[PDB]
Each structure stands twice: as structure tokens, then as C-alpha cells.
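Trainee: Below are the C-alpha cells for one structure; questions will follow.
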Amino acid sequence: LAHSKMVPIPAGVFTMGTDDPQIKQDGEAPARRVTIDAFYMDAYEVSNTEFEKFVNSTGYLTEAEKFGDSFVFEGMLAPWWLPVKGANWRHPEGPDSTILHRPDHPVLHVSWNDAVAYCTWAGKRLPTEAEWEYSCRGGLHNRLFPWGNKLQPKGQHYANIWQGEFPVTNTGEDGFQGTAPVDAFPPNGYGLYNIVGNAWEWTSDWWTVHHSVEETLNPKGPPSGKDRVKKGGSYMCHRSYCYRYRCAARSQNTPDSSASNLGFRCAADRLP
Ligand SMILES: *[C@@H]1O[C@H](CO)[C@@H](O[C@@H]2O[C@H](CO)[C@@H](O)[C@H](O)[C@H]2NC(C)=O)[C@H](O)[C@H]1NC(C)=O
Ligand SMILES: [Ca+2]
Ligand SMILES: [Ca+2]
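This is the structure:
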């Protein structure tokens with residue numbers, strides 16, 4: 005395993021957002037041309053084992069641990085999000101769950117601040133939204149998914165999302181009901197795994213839904229806000245109620261928030 009390996013994301017110009025938004029309220033539109041300097045992205049979501057190295061080194065106590073609760077999906081114990089006492093990264097469904105059998109799955113119940121701590125510890129940083137989206141698209145222009153426009157290309161599952169009737173029944177057709185190992189499923193064109201689905205991913209940007217069509221260089225998002233941007237969707241997402249496993253999709257949370265479907269990966273200007 006090299007679950008902290010990074011890949012070089014090439015310098016380029018891309019179309020961020022879309023002129024055919026699927027969730028208009030989220031400011032997926034307008035499409036705009038964005039220039040991104042060459043940089044490095046983690047191939048994988050940060051795993052339990054990798055976060056454990058951080059905690060072992062630093063003694064870091066996550067915000068969920070200090071608060072004493074975190075959000076868990078009802079189906080693995082909105083109305084289906086319950087604040088569970090004692091749910092945190094070591095106990096993803098609450099006090100009597102464990103990570104011992106899933107060391108290579110993405111770390112969960114990490115806040116934005118927790119993610120910034122990790123990435124900086126590791127000689128890295130969070131990606132910007134624009135860097136994240138560019139990387140997600142994996143060298144393809146104006147496609148829905150990292151791999152193209154078909155959800156199951158060649159009849160194959162390419163990401164860990166939901167199959168079945170949400171929230172009652174997750175069939176586990178794609179091989180995983182909950183999270184999957186961070187190295188599951190095919191890589192995209194840049195060598196990134198689970199950039200859509202599995203765990204949601206924090207980015208560095210403050211959230212806004214108001215974007216200009218002006219061309220920008222290495223944009224950082226708005227200078228202020230109350231919520232940070234997360235991307236990519238999760239194992240919970242289904243077309244029937246969600247549809248956020250598209251590179252253009254975007255959602256938000258307050259920086260002290262944590263949940264059983266939200267993780268992160270890091271980026272860096274140069275190799276640490
Ligand atoms: C985090 O630290 C713990 C405690 O030191 C590590 O677990 C120990 O590792 C040693 C060395 O392999 C073993 O001999 C012990 O049996 C382990 N102790 C316990 C209580 O489990 C753990 O491996 C570290 N985590 C990571 C990801 O490196
Ligand atoms: Ca699944
Ligand atoms: Ca993911």
C-alpha cells in the first residue's frame with residue numbers, strides 16, 4: 005500500500021461548473037474557464053490507517069470527539085441523519101462500532117478543521133474547489149463523471165454510490181453498502197480513486213452560489229463565508245434524491261461539521 009501517494013495533476017485550462025446544471029440551487033452554473041497550475045493530488049481519500057499515523061504522531065483530538073457526537077446515517081445504526089453520541093472516526097456508527105476491520109477505508113467524522121490539521125501535518129493542504137473539480141474531471145471536457153457520461157460504462161460499476169430504494173434498501177450491487185477501501189474502483193485519467201462517491205471530500209473554499217463567467221487563474225473562492233465547499237458525493241448518493249456524484253456538483257457544511265459519509269484528500273504545490 006502507498007495510501008499517501010500523490011499524483012501530478014498537469015497544468016491546464018478547464019471548464020468548471022456547467023451550463024446545464026442538474027441542481028440549480030447549488031450554483032453548478034455558469035460554466036467558466038479556469039486555469040490551474042501544475043500541482044499534486046492525493047491518489048486516494050485519506051484512510052483510517054493514514055489518519056491514525058497523524059493522531060499517533062500529534063495526539064490530535066478531532067472536533068467530533070470534543071463535541072461528543074457526530075452525524076450518522078440511520079440505515080447503518082434530514083430525518084435519516086441522526087446526531088449520535090460517541091460517533092467519531094474510530095467509531096463510525098457510534099460507540100460500539102470499530103474501524104479495526106476497515107483500516108483501508110476512508111476516514112470519516114472529520115471536520116474541515118480536522119482535515120486542514122491532517123493535510124498540514126503531512127506537508128500538504130486541502131485542494132481548492134477548482135483544483136478538486138479539474139482533478140475529478142480527469143482530462144475530459146464537460147462530462148458528467150470522471151470517466152464520461154455513462155454511469156455504468158461497459159456495464160461496470162465505476163464508483164461507490166447507492167443502488168436500490170433510498171433510504172430503505174441499499175442493494176450493495178456495486179460491492180459496498182457502506183464505504184469501500186480507498187483504492188477500490190478504477191482510477192480516472194489522472195490516477196485518482198473514488199473522487200466521486202465513497203466519502204464526500206472537503207475543499208479549502210468558502211461556499212458561494214454566485215459565480216462569474218470571467219476567466220480566472222488558480223481561483224480560491226470567495227474571501228468570506230460561513231460554510232466550506234465539499235465535493236464528489238458519497239456511498240449514500242442515488243439519482244432519485246441526490247445526484248451529487250458528478251464533478252460539477254457541489255455542497256457545503258460549516259467547518260466544524262462532521263458526518264459518517266464525509267472525508268477528504270490532500271493536495272500540494274510540490275512533493276512533500
Ligand atoms: C498507532 O500507535 C499504536 C500504538 O503504538 C500502534 O499499535 C501498536 O503497534 C506496535 C508496533 O507494531 C505493536 O507491537 C502493538 O501491538 C500495537 N499496540 C496496540 C495497543 O495496538 C499502531 O499500529 C499505530 N498506528 C499506525 C497506523 O501506525
Ligand atoms: Ca455502494
Ligand atoms: Ca470520494
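Each residue of the sequence shown is one higher than the one before, counting from 5 in this note's numbering. Cβ coordinates follow ideal geometry from the N, Cα and C atoms, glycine included.
Round the Cβ separation of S74 and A203 to the nearest angstrom and send it over; I've been treating them as touching at under 8 Å.
Mentor: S74 to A203, Cβ: 14 Å. No contact.
Trainee: Verify the contact flag: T66, CB atom, against every heavy atom of ligand 1, threshold strictly below 7 Å.
Mentor: No, the beta carbon of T66 sits no closer than 7 Å to any heavy atom of ligand 1.
Trainee: Between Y64, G176, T220, which has its C-alpha nearest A121's C-alpha?
Mentor: Of all alpha-carbon atoms in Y64, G176, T220, the one lying nearest the alpha-carbon of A121 is that of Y64.
Trainee: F180: beta carbon under 7 Å from a heavy atom of ligand 2?
Mentor: yes
Trainee: Using the beta-carbon count (16 or more within 10 Å), is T132 buried or exposed?
Mentor: buried
Trainee: Going by C-alpha distance, which of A33, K28, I40, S8 is nearest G143?
Mentor: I40
Trainee: Quick one: is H145 buried, meaning 16 or more other Cβ sit within 10 Å of its Cβ, or exposed?
Mentor: Under this definition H145 is an exposed residue.
Trainee: What are the partner residues of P12, as DSSP defines its beta bridges?
Mentor: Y44
Trainee: Give the residues whose C-beta lies closer than 6 Å to at least one heavy atom of ligand 1, in chain order.
Mentor: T53, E56, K57, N60
Trainee: Quick one, which of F55, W84, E49 has its alpha-carbon nearest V172's?
Mentor: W84
Trainee: Since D187 is in the alpha helix (DSSP H), which residue starts that stretch and which ends it?
Mentor: Per DSSP, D187 belongs to no alpha helix (DSSP H) and is neither H nor E.
Trainee: Are the beta-carbon atoms belonging to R269 and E49 less than 8 Å from one another?
Mentor: Cβ atoms of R269 and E49: closer than 8 Å.
Trainee: Is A42 near ligand 3, judged by its Cβ being under 7 Å from some heavy atom?
Mentor: no
Trainee: Is any heavy atom in ligand 2 found nearer than 7 Å to the beta carbon of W116?
Mentor: no
Trainee: Provide the residue(s) that pair with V38 in DSSP beta bridges, ordered along the chain.
Mentor: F18, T220
Trainee: Under the assumption that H109 contacts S61 (Cβ atoms under 8 Å), give the Cβ distance between them as a whole number of angstroms.
Mentor: So it is not a contact: roughly 20 Å between Cβ atoms.
Trainee: Let me see if you follow: with CB-CB separation under 8 Å, is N60 close to chain C or not?
Mentor: Structure shown: chain C not included; a single protein chain is present.
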